[PDB]
Amino acid sequence: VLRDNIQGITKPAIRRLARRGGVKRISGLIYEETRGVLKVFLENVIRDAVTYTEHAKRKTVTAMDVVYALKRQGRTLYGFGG
Amino acid sequence: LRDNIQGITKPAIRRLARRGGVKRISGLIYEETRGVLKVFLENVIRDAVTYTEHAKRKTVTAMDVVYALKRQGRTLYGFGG
Amino acid sequence: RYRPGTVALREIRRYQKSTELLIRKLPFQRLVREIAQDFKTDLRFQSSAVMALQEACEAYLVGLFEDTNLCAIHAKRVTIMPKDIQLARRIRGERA
Amino acid sequence: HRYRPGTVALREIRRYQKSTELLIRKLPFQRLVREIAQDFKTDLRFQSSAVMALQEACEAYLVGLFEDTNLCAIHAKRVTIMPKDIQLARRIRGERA
Amino acid sequence: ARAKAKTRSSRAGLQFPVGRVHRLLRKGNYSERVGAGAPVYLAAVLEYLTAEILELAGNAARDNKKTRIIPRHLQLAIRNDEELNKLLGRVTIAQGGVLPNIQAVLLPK
Amino acid sequence: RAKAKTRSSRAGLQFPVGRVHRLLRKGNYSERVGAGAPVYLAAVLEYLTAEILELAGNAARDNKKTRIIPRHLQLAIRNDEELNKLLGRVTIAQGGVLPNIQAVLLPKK
Amino acid sequence: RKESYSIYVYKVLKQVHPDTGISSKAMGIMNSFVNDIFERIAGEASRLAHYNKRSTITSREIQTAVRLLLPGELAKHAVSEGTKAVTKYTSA
Amino acid sequence: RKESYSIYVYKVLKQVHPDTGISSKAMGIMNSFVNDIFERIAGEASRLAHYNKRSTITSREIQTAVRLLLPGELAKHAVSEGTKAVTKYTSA
DNA sequence: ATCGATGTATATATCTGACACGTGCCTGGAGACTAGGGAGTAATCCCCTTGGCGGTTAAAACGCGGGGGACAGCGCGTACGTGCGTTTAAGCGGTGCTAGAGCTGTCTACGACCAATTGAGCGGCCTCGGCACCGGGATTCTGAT
DNA sequence: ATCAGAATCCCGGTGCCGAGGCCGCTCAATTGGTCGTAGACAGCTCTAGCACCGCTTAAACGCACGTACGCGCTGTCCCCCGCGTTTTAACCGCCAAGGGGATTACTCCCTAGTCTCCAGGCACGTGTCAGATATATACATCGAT
């Protein structure tokens, strides 16, 4: 149903993220590498969150599932627990 | 007692770097390595001594060191028994 | 016409003062739904769940870019390259 | 028949990556451990296995750090590791200076 | 007849709920039994840490001329304090932003 | 009263189901433990042990050795991608390192 | 009945900054922080009781867990606050 | 009297490598590995039971904890082994 | 220096929507009392940690020459930044509809508990084979020619 | 290509000490019965997640042009490596002592569990004021001269 959605992470958005990281000049090959890195990270988080959702017999991924998935990857997130 | 950090000699640091695959070593590396090792050891020993004191013991055991390493994400295998 | 780097520094200052999300919401939501199709079909998402995913992802990428910038400055460059990202991820212990 | 610089270093790398023995002398390391621990509690006793475990952890940590330092040195088109390489590796790891 | 009920928080001179912390300790599967003073000690520690963070965030808000604390002020308070940053190192504050920081070598000649 | 059978033999396992059940009860893990949880846990532990032991035995044979030492366990773990991912933050005592020299350091020509 | 720490956090804020308010998003951050620190201290104290073959969690386990988890000067003042609270409570 | 996994590790070794022995130091490594994995899986199963307001750890929690903790193809085979063992156990 | 373009900082007014306070009730916290078992304490024993000494030899320390590697400077060519005109789709507001999350009740299967029994696993003893160490011959590899 | 010499590999003999097997016994796992409640399942409420449409406008996109920068090359010199000689201290063994860790027994006081009671803390409601937006305008900053 959905295809080529990683392109939706556009080059200006990646540039903005790198600006917040303090980067001054960006190589043109950075954008595809960043897209791949983001896809890997998202795949790992979403896999754990969906495992939590399946365990609960739910069909909806809740924010608590995402919080627990992040927590178990050593990336604790504040502000979504309630 | 006093000047023990110099007991970690230059040839020993060279051996550790060789096991890490290092081919050439700058002359300023030895002091930096001594500082790094001192910090690491201080953290682990502080945790282990806290574990020893909680048990009201006077002797640091290997189990205390294993727990101290575990709580720093440095899990050690082969000393649990 | 400004010299190259002035606008970049202004953009750095602007985006380091603010806190809003830098990725557009609808494309990210579509990406999240596409990725989750490989794990379970007909999955629904709370809006707060997608927002949590976006916050985590943007924080992760910004931190990665900070480390990448350090690696680039180590090689006496001002331009970040794929090898800088690879080095930073390798030192972090992340999967290649 | 003097060996060129780097040949003996490569031989040493091969030898020390093939073996598993500890590379720090035991008696100086034990003195170091006892000296450091004195600042937290006086009149402390140590099991021998405790000091052995500490030494194993320390050597493993330093070897991993030297691997990351070597990668940092190669990134800057050098073959010599320098304190800046150790500092960068420890900073990217998230350890404290 | 029964004496007037006195909250365990008020007995210990605390704002944080001692009884709720006790109930949470009993139901968390932490141990078979919970001592009388463990909830008091835990509540005091939690209240102290909350006070420290709130004080730093209030200072950050006042310096910004704001009268309300937002997640940005909490992030600024945490990241600018060495010990709090060490305790909350692995944590992401949602909408907290980053510390403004530009490398010196990147600055104009 | 019948001839008593170990639960491990019923499940066709070498690892002890009863000891795993007792360790789960002593553990402070949950109020109650189901009947199949120790069997499942014992089977998983046995499978992981068999995987590591098979790889370590192959490493020992490749070195013309008949006894597994910590070096062989380290070589088995670090050469297998899944096991390396599982045991990534683990230090094997007396295990050494993988032989690995960066290609840029190799002699020219 | 969705329990939280908002009312006690608000009381603490009014104690340290009587003039200053807090937004709801920042209050959620505070709730997450309190829950996280509770989980950390409780888990360390549970491990300490299990390591020493004890079935009870007392203020000693809490103090040792605080010493293990909190850095530097944070641990000293937190230990002081906990000891003061326990002493005051023990005297009614 | 200190319990360990040496006799079951040796039985498994004799099943996979009949002619191969093991030294005591490697046995200690194996015992540490077994205890570490048991603790990881039990902690994750306890968290899963707590998250869903359940008081029982069953094979469903062990299975989910395995899927969470083991990587890639390790999780598939471990899940298959656990299911086969439970099926054999309940039939007998 | 120097003036121009311009993005940014300061001053004041408006409003709106989110924070701060008030109310009812109910459900979680407090007081009282009893039982029992967890933990504190004292005595004991024996093991394992610390200290000392002598030797002897491997390792560490030191000195020195040299070559190779770090670093600075320069040239060049290309790839990135910036600005502008066009297009694309994100965001928003509104509506409709249904999947499914959350809650309640019923009931039964399943897991805790207890007492009796027995066989698995532990600790201690003994032996014999795997591994290490040595010595000598063969091959490899390195560096200068 | 050549050839000398150091390093390494291989093959065999010796020995020693640790892994592996055997046996007694004791205590943990097993079996059988009972009963209480956790959770599985069905049913109902009504929330919120999804789909669709239309409009607006900001962001994204594509192109052109210039120059800043990455990278390759060369020269210099200094600082690391390799090696021989002297010193020093680690390691090993052997002996002594006593400190403190583990165990057992005894007592009591601290915590769980139950019941009763009541007042704290949470959903609902609503007003007023903190900050965002708007506009005007000063003003510091860049950058070519």
# chains A, B, ... in the order shown; residues from 1 in each chain; ligands from 1
>>> residues_around(residues="residue 18 (chain A)", least_positions_apart="5", cutoff="7 Å", atoms="only C-alpha atoms (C1' of nucleotides)", output="list in words")
residues 23 of chain A; 62 and 65 of chain C
>>> calpha_fit_and_write(fixed="chain G", moving="chain H", output="PDB file with C-alpha atoms, in the first residue's frame")
ATOM      1  CA  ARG H   1      -8.716   7.295  37.335  1.00  0.00           C
ATOM      2  CA  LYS H   2      -4.906   7.670  36.743  1.00  0.00           C
ATOM      3  CA  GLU H   3      -2.573   8.595  39.602  1.00  0.00           C
ATOM      4  CA  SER H   4       0.388  10.967  39.071  1.00  0.00           C
ATOM      5  CA  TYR H   5       2.734  13.211  41.052  1.00  0.00           C
ATOM      6  CA  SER H   6       1.420  16.554  39.789  1.00  0.00           C
ATOM      7  CA  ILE H   7       0.031  17.845  43.112  1.00  0.00           C
ATOM      8  CA  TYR H   8       3.253  17.115  45.058  1.00  0.00           C
ATOM      9  CA  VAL H   9       5.453  18.480  42.269  1.00  0.00           C
ATOM     10  CA  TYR H  10       3.360  21.659  42.347  1.00  0.00           C
ATOM     11  CA  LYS H  11       3.674  21.877  46.141  1.00  0.00           C
ATOM     12  CA  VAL H  12       7.464  21.550  45.883  1.00  0.00           C
ATOM     13  CA  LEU H  13       7.524  24.182  43.128  1.00  0.00           C
ATOM     14  CA  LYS H  14       5.530  26.601  45.281  1.00  0.00           C
ATOM     15  CA  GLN H  15       8.044  26.010  48.103  1.00  0.00           C
ATOM     16  CA  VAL H  16      11.112  26.720  45.920  1.00  0.00           C
ATOM     17  CA  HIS H  17       9.637  29.307  43.494  1.00  0.00           C
ATOM     18  CA  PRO H  18       6.490  30.909  44.933  1.00  0.00           C
ATOM     19  CA  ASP H  19       5.792  33.125  41.900  1.00  0.00           C
ATOM     20  CA  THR H  20       6.594  30.561  39.180  1.00  0.00           C
ATOM     21  CA  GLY H  21       4.088  28.331  37.424  1.00  0.00           C
ATOM     22  CA  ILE H  22       4.492  25.255  35.260  1.00  0.00           C
ATOM     23  CA  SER H  23       2.908  24.094  32.018  1.00  0.00           C
ATOM     24  CA  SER H  24       1.220  20.722  31.575  1.00  0.00           C
ATOM     25  CA  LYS H  25       3.934  19.403  29.211  1.00  0.00           C
ATOM     26  CA  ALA H  26       6.616  20.216  31.816  1.00  0.00           C
ATOM     27  CA  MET H  27       4.474  18.478  34.443  1.00  0.00           C
ATOM     28  CA  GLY H  28       4.476  15.383  32.247  1.00  0.00           C
ATOM     29  CA  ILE H  29       8.263  15.568  32.025  1.00  0.00           C
ATOM     30  CA  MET H  30       8.423  15.839  35.829  1.00  0.00           C
ATOM     31  CA  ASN H  31       6.122  12.842  36.320  1.00  0.00           C
ATOM     32  CA  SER H  32       8.277  10.761  33.981  1.00  0.00           C
ATOM     33  CA  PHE H  33      11.392  11.816  35.901  1.00  0.00           C
ATOM     34  CA  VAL H  34       9.887  10.895  39.286  1.00  0.00           C
ATOM     35  CA  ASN H  35       8.695   7.493  38.054  1.00  0.00           C
ATOM     36  CA  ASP H  36      12.047   6.766  36.389  1.00  0.00           C
ATOM     37  CA  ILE H  37      14.065   7.605  39.500  1.00  0.00           C
ATOM     38  CA  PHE H  38      11.712   5.629  41.754  1.00  0.00           C
ATOM     39  CA  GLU H  39      12.128   2.579  39.505  1.00  0.00           C
ATOM     40  CA  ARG H  40      15.930   2.900  39.431  1.00  0.00           C
ATOM     41  CA  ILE H  41      16.216   3.159  43.238  1.00  0.00           C
ATOM     42  CA  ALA H  42      13.701   0.354  43.867  1.00  0.00           C
ATOM     43  CA  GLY H  43      15.452  -1.991  41.440  1.00  0.00           C
ATOM     44  CA  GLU H  44      18.854  -1.355  42.992  1.00  0.00           C
ATOM     45  CA  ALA H  45      17.446  -1.846  46.503  1.00  0.00           C
ATOM     46  CA  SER H  46      15.781  -5.106  45.448  1.00  0.00           C
ATOM     47  CA  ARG H  47      19.121  -6.329  43.996  1.00  0.00           C
ATOM     48  CA  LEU H  48      20.895  -5.333  47.221  1.00  0.00           C
ATOM     49  CA  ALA H  49      18.391  -7.280  49.323  1.00  0.00           C
ATOM     50  CA  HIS H  50      18.723 -10.294  47.010  1.00  0.00           C
ATOM     51  CA  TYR H  51      22.538 -10.213  47.105  1.00  0.00           C
ATOM     52  CA  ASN H  52      22.648 -10.394  50.911  1.00  0.00           C
ATOM     53  CA  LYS H  53      19.913 -13.050  51.311  1.00  0.00           C
ATOM     54  CA  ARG H  54      17.457 -10.650  52.960  1.00  0.00           C
ATOM     55  CA  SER H  55      13.698 -10.557  52.458  1.00  0.00           C
ATOM     56  CA  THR H  56      13.143  -6.947  53.588  1.00  0.00           C
ATOM     57  CA  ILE H  57      13.882  -3.642  51.888  1.00  0.00           C
ATOM     58  CA  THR H  58      14.708  -1.138  54.636  1.00  0.00           C
ATOM     59  CA  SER H  59      16.116   2.383  54.715  1.00  0.00           C
ATOM     60  CA  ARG H  60      19.639   0.885  54.671  1.00  0.00           C
ATOM     61  CA  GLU H  61      18.987  -0.586  51.221  1.00  0.00           C
ATOM     62  CA  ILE H  62      17.518   2.702  49.993  1.00  0.00           C
ATOM     63  CA  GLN H  63      20.581   4.553  51.293  1.00  0.00           C
ATOM     64  CA  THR H  64      23.005   2.158  49.604  1.00  0.00           C
ATOM     65  CA  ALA H  65      21.028   2.305  46.344  1.00  0.00           C
ATOM     66  CA  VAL H  66      21.156   6.106  46.489  1.00  0.00           C
ATOM     67  CA  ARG H  67      24.924   6.035  47.022  1.00  0.00           C
ATOM     68  CA  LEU H  68      25.186   3.699  44.027  1.00  0.00           C
ATOM     69  CA  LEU H  69      22.859   5.592  41.677  1.00  0.00           C
ATOM     70  CA  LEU H  70      23.387   9.274  42.411  1.00  0.00           C
ATOM     71  CA  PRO H  71      26.610  11.020  41.284  1.00  0.00           C
ATOM     72  CA  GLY H  72      28.975  13.059  43.462  1.00  0.00           C
ATOM     73  CA  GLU H  73      27.416  15.780  45.595  1.00  0.00           C
ATOM     74  CA  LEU H  74      23.865  14.737  44.687  1.00  0.00           C
ATOM     75  CA  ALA H  75      24.281  11.528  46.685  1.00  0.00           C
ATOM     76  CA  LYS H  76      25.562  13.339  49.787  1.00  0.00           C
ATOM     77  CA  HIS H  77      22.648  15.775  50.008  1.00  0.00           C
ATOM     78  CA  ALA H  78      20.074  13.103  49.144  1.00  0.00           C
ATOM     79  CA  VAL H  79      21.467  10.830  51.864  1.00  0.00           C
ATOM     80  CA  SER H  80      21.348  13.732  54.326  1.00  0.00           C
ATOM     81  CA  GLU H  81      17.732  14.510  53.370  1.00  0.00           C
ATOM     82  CA  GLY H  82      16.703  10.879  53.791  1.00  0.00           C
ATOM     83  CA  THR H  83      18.405  10.555  57.166  1.00  0.00           C
ATOM     84  CA  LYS H  84      16.811  13.771  58.433  1.00  0.00           C
ATOM     85  CA  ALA H  85      13.357  12.657  57.276  1.00  0.00           C
ATOM     86  CA  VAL H  86      13.686   9.242  58.924  1.00  0.00           C
ATOM     87  CA  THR H  87      14.965  10.782  62.162  1.00  0.00           C
ATOM     88  CA  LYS H  88      12.009  13.174  62.262  1.00  0.00           C
ATOM     89  CA  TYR H  89       9.562  10.370  61.441  1.00  0.00           C
ATOM     90  CA  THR H  90      10.731   7.972  64.160  1.00  0.00           C
ATOM     91  CA  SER H  91      10.831  10.670  66.846  1.00  0.00           C
ATOM     92  CA  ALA H  92       7.172  11.503  66.153  1.00  0.00           C
TER      93      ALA H  92
END
>>> interface_residues(of="chain J", to="chain G", cutoff="12 Å", atoms="only C-alpha atoms (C1' of nucleotides)", output="PyMOL selection string")
chain J and resi 110-112+120-123+130-131
>>> residues_around(residues="residue 14 (chain I)", least_positions_apart="3", cutoff="12 Å", atoms="only C-alpha atoms (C1' of nucleotides)", output="list in words")
residues 131, 132, 133 and 134 of chain J
>>> write_last_selection(atoms="N, CA, C and O atoms (P, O5', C5', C4', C3', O3' and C1' of nucleotides)", output="PDB file, in the first residue's frame")
ATOM      1  P    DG J 131       5.043  33.962  30.588  1.00  0.00           P
ATOM      2  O5'  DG J 131       4.819  33.719  29.028  1.00  0.00           O
ATOM      3  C5'  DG J 131       4.119  32.564  28.593  1.00  0.00           C
ATOM      4  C4'  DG J 131       3.521  32.775  27.214  1.00  0.00           C
ATOM      5  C3'  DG J 131       4.475  33.354  26.170  1.00  0.00           C
ATOM      6  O3'  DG J 131       4.262  32.699  24.941  1.00  0.00           O
ATOM      7  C1'  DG J 131       2.549  34.681  26.286  1.00  0.00           C
ATOM      8  P    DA J 132       5.442  32.567  23.861  1.00  0.00           P
ATOM      9  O5'  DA J 132       4.644  32.506  22.480  1.00  0.00           O
ATOM     10  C5'  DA J 132       3.378  31.863  22.435  1.00  0.00           C
ATOM     11  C4'  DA J 132       2.479  32.498  21.391  1.00  0.00           C
ATOM     12  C3'  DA J 132       3.194  33.018  20.151  1.00  0.00           C
ATOM     13  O3'  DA J 132       2.410  32.742  19.004  1.00  0.00           O
ATOM     14  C1'  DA J 132       2.038  34.798  21.199  1.00  0.00           C
ATOM     15  P    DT J 133       3.022  32.943  17.534  1.00  0.00           P
ATOM     16  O5'  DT J 133       2.270  34.249  17.003  1.00  0.00           O
ATOM     17  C5'  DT J 133       0.860  34.356  17.156  1.00  0.00           C
ATOM     18  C4'  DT J 133       0.377  35.747  16.792  1.00  0.00           C
ATOM     19  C3'  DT J 133       1.084  36.384  15.596  1.00  0.00           C
ATOM     20  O3'  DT J 133       0.118  36.893  14.694  1.00  0.00           O
ATOM     21  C1'  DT J 133       1.093  37.867  17.440  1.00  0.00           C
ATOM     22  P    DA J 134       0.532  37.269  13.190  1.00  0.00           P
ATOM     23  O5'  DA J 134       0.386  38.858  13.150  1.00  0.00           O
ATOM     24  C5'  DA J 134      -0.751  39.479  13.735  1.00  0.00           C
ATOM     25  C4'  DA J 134      -0.477  40.947  13.996  1.00  0.00           C
ATOM     26  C3'  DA J 134       0.427  41.615  12.961  1.00  0.00           C
ATOM     27  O3'  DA J 134      -0.311  42.587  12.229  1.00  0.00           O
ATOM     28  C1'  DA J 134       1.052  42.192  15.212  1.00  0.00           C
TER      29       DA J 134
END
>>> interface_residues(of="chain C", to="chain E", cutoff="10 Å", atoms="only C-alpha atoms", output="list in words")
residues 5, 6, 9, 12, 13, 14, 15, 16, 17, 18, 19, 20, 21, 51, 52, 54, 55, 56, 59, 60, 62, 63, 66, 69, 70, 73, 76, 77 and 78 of chain C
>>> closest_atom_pairs(of="chain C", to="chain J", cutoff="9 Å", atoms="only C-alpha atoms (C1' of nucleotides)", output="Markdown table")
| residue | atom | partner | partner_atom | distance |
| --- | --- | --- | --- | --- |
| C:1 | CA | J:143 | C1' | 8.7 |
| C:2 | CA | J:142 | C1' | 7.4 |
| C:3 | CA | J:143 | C1' | 8.5 |
| C:4 | CA | J:68 | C1' | 7.8 |
| C:6 | CA | J:142 | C1' | 8.6 |
| C:44 | CA | J:49 | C1' | 7.2 |
| C:45 | CA | J:49 | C1' | 7.5 |
| C:46 | CA | J:49 | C1' | 7.3 |
| C:47 | CA | J:49 | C1' | 8.5 |
| C:77 | CA | J:70 | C1' | 7.9 |
| C:78 | CA | J:69 | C1' | 8.6 |
| C:79 | CA | J:69 | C1' | 8.9 |
>>> closest_atom_pairs(of="chain I", to="chain C", cutoff="12 Å", atoms="only C-alpha atoms (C1' of nucleotides)", output="JSON lines")
{"residue": "I:5", "atom": "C1'", "partner": "C:1", "partner_atom": "CA", "distance": 9.9}
{"residue": "I:6", "atom": "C1'", "partner": "C:2", "partner_atom": "CA", "distance": 11.1}
{"residue": "I:7", "atom": "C1'", "partner": "C:10", "partner_atom": "CA", "distance": 9.7}
{"residue": "I:8", "atom": "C1'", "partner": "C:10", "partner_atom": "CA", "distance": 10.9}
{"residue": "I:79", "atom": "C1'", "partner": "C:79", "partner_atom": "CA", "distance": 11.3}
{"residue": "I:80", "atom": "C1'", "partner": "C:4", "partner_atom": "CA", "distance": 9.2}
{"residue": "I:81", "atom": "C1'", "partner": "C:4", "partner_atom": "CA", "distance": 5.6}
{"residue": "I:82", "atom": "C1'", "partner": "C:4", "partner_atom": "CA", "distance": 7.4}
{"residue": "I:83", "atom": "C1'", "partner": "C:1", "partner_atom": "CA", "distance": 8.2}
{"residue": "I:89", "atom": "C1'", "partner": "C:26", "partner_atom": "CA", "distance": 10.1}
{"residue": "I:90", "atom": "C1'", "partner": "C:26", "partner_atom": "CA", "distance": 7.1}
{"residue": "I:91", "atom": "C1'", "partner": "C:26", "partner_atom": "CA", "distance": 9.1}
{"residue": "I:99", "atom": "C1'", "partner": "C:44", "partner_atom": "CA", "distance": 9.7}
{"residue": "I:100", "atom": "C1'", "partner": "C:44", "partner_atom": "CA", "distance": 10.0}
{"residue": "I:101", "atom": "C1'", "partner": "C:46", "partner_atom": "CA", "distance": 11.7}
>>> write_last_selection(atoms="N, CA and C atoms (P, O5', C5', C4', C3', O3' and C1' of nucleotides)", output="short mmCIF file (atom, residue, chain, number, x, y, z; two decimals), in the first residue's frame")
data_model
loop_
_atom_site.label_atom_id
_atom_site.label_comp_id
_atom_site.auth_asym_id
_atom_site.auth_seq_id
_atom_site.Cartn_x
_atom_site.Cartn_y
_atom_site.Cartn_z
P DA I 5 20.20 50.50 0.17
"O5'" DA I 5 20.23 48.99 0.66
"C5'" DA I 5 20.84 47.99 -0.15
"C4'" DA I 5 20.89 46.65 0.57
"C3'" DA I 5 19.53 46.14 1.02
"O3'" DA I 5 19.46 44.75 0.75
"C1'" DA I 5 20.98 46.34 2.90
P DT I 6 18.13 43.91 1.06
"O5'" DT I 6 18.27 43.49 2.59
"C5'" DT I 6 19.26 42.56 3.00
"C4'" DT I 6 19.15 42.30 4.48
"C3'" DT I 6 17.70 42.15 4.95
"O3'" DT I 6 17.57 41.02 5.80
"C1'" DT I 6 18.83 43.65 6.31
P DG I 7 16.55 39.84 5.40
"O5'" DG I 7 16.83 38.71 6.50
"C5'" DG I 7 18.15 38.27 6.77
"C4'" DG I 7 18.52 38.59 8.21
"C3'" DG I 7 17.55 38.03 9.25
"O3'" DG I 7 18.26 37.25 10.20
"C1'" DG I 7 17.91 40.35 9.62
P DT I 8 17.46 36.57 11.42
"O5'" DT I 8 17.58 37.64 12.60
"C5'" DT I 8 18.87 38.03 13.07
"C4'" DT I 8 18.78 39.15 14.10
"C3'" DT I 8 17.87 38.83 15.30
"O3'" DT I 8 18.56 39.11 16.52
"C1'" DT I 8 17.36 40.95 14.41
P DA I 79 32.73 16.84 -8.12
"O5'" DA I 79 32.21 16.79 -6.61
"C5'" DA I 79 33.04 17.24 -5.56
"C4'" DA I 79 32.35 18.33 -4.75
"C3'" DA I 79 30.83 18.20 -4.64
"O3'" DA I 79 30.45 18.62 -3.37
"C1'" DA I 79 31.36 20.30 -5.51
P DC I 80 29.20 17.95 -2.62
"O5'" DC I 80 28.70 19.12 -1.67
"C5'" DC I 80 29.61 19.75 -0.79
"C4'" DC I 80 29.34 21.23 -0.73
"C3'" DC I 80 27.90 21.59 -0.37
"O3'" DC I 80 27.89 22.33 0.82
"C1'" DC I 80 28.65 22.84 -2.27
P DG I 81 26.52 22.83 1.47
"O5'" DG I 81 26.48 24.37 1.11
"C5'" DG I 81 27.53 25.22 1.52
"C4'" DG I 81 27.30 26.63 1.03
"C3'" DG I 81 25.95 27.20 1.43
"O3'" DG I 81 26.13 28.53 1.85
"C1'" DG I 81 26.16 27.19 -0.94
P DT I 82 24.91 29.35 2.51
"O5'" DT I 82 24.34 30.21 1.30
"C5'" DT I 82 25.14 31.20 0.68
"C4'" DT I 82 24.42 31.79 -0.50
"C3'" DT I 82 22.99 32.22 -0.19
"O3'" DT I 82 22.80 33.56 -0.60
"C1'" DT I 82 23.06 30.90 -2.16
P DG I 83 21.49 34.37 -0.15
"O5'" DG I 83 20.74 34.65 -1.52
"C5'" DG I 83 21.49 35.05 -2.66
"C4'" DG I 83 20.65 34.91 -3.91
"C3'" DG I 83 19.17 35.22 -3.73
"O3'" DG I 83 18.73 36.00 -4.82
"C1'" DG I 83 19.43 33.08 -4.69
P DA I 89 3.63 15.95 -4.54
"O5'" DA I 89 3.46 15.93 -2.96
"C5'" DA I 89 4.36 16.64 -2.14
"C4'" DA I 89 3.60 17.42 -1.08
"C3'" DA I 89 2.37 16.70 -0.53
"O3'" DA I 89 2.33 16.84 0.88
"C1'" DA I 89 1.80 18.85 -1.17
P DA I 90 2.90 15.68 1.83
"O5'" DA I 90 3.23 16.46 3.19
"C5'" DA I 90 4.07 17.59 3.16
"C4'" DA I 90 3.61 18.66 4.14
"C3'" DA I 90 2.80 18.17 5.32
"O3'" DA I 90 3.10 18.97 6.44
"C1'" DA I 90 1.47 19.64 4.01
P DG I 91 2.67 18.55 7.91
"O5'" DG I 91 1.54 19.61 8.28
"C5'" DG I 91 1.82 20.99 8.16
"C4'" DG I 91 0.55 21.81 8.22
"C3'" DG I 91 -0.46 21.35 9.26
"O3'" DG I 91 -0.89 22.46 10.01
"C1'" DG I 91 -1.50 21.56 7.15
P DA I 99 -15.98 -2.39 11.49
"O5'" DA I 99 -14.51 -2.64 12.08
"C5'" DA I 99 -13.42 -1.94 11.50
"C4'" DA I 99 -12.35 -1.62 12.54
"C3'" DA I 99 -11.98 -2.76 13.46
"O3'" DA I 99 -10.60 -2.65 13.76
"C1'" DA I 99 -12.87 -0.97 14.74
P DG I 100 -9.84 -3.85 14.49
"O5'" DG I 100 -9.65 -3.30 15.98
"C5'" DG I 100 -9.43 -1.93 16.20
"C4'" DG I 100 -9.79 -1.54 17.62
"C3'" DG I 100 -9.60 -2.65 18.66
"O3'" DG I 100 -9.06 -2.10 19.82
"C1'" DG I 100 -11.73 -1.77 18.84
P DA I 101 -7.70 -2.67 20.46
"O5'" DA I 101 -7.45 -1.67 21.68
"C5'" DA I 101 -7.60 -0.28 21.48
"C4'" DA I 101 -8.25 0.39 22.68
"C3'" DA I 101 -7.91 -0.22 24.03
"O3'" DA I 101 -7.81 0.82 24.98
"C1'" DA I 101 -10.25 -0.37 23.67
#
>>> residues_around(residues="residue 71 (chain C)", least_positions_apart="3", cutoff="7 Å", atoms="only C-alpha atoms (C1' of nucleotides)", output="PyMOL selection string")
chain C and resi 67-68+74-75+84+88
>>> select_by_dssp(residues="chain H", states="strand (DSSP E)", output="MDAnalysis selection string")
chainID H and resid 21:22 56:57
>>> interface_residues(of="chain A", to="chain J", cutoff="12 Å", atoms="only C-alpha atoms (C1' of nucleotides)", output="list in words")
residues 8, 9, 10, 11, 12, 13, 25, 27, 59, 60, 61 and 62 of chain A
>>> residues_around(residues="residue 57 (chain B)", least_positions_apart="6", cutoff="10 Å", atoms="only C-alpha atoms (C1' of nucleotides)", output="ChimeraX atom specification")
/B:49,51 /D:44-45 /J:100-101
>>> residues_around(residues="residue 60 (chain D)", least_positions_apart="3", cutoff="10 Å", atoms="only C-alpha atoms (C1' of nucleotides)", output="PyMOL selection string")
(chain B and resi 16+19-20+74+76) or (chain D and resi 22+54-57+63-66) or (chain F and resi 91-97)
>>> write_last_selection(atoms="C-alpha atoms", output="compact mmCIF listing (two decimals), in the first residue's frame")
# COMPACT_ATOMS: atom_id res chain seq x y z
CA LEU B 16 48.09 -3.30 25.54
CA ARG B 19 46.82 -6.20 21.39
CA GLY B 20 44.55 -3.38 20.24
CA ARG B 74 30.76 -3.90 31.69
CA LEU B 76 32.29 -9.90 33.23
CA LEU D 22 47.54 -10.62 31.13
CA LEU D 54 39.62 -6.12 38.36
CA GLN D 55 42.77 -6.63 36.28
CA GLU D 56 40.88 -8.58 33.60
CA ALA D 57 38.24 -5.85 33.34
CA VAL D 63 42.37 -2.85 24.75
CA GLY D 64 38.93 -1.85 23.45
CA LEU D 65 39.81 1.81 23.93
CA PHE D 66 43.04 1.34 21.98
CA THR F 91 33.91 -9.64 28.66
CA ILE F 92 35.21 -13.22 28.58
CA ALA F 93 38.00 -13.62 31.12
CA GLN F 94 41.21 -15.10 29.57
CA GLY F 95 39.49 -14.95 26.12
CA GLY F 96 41.75 -12.47 24.25
CA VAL F 97 40.78 -10.62 21.08
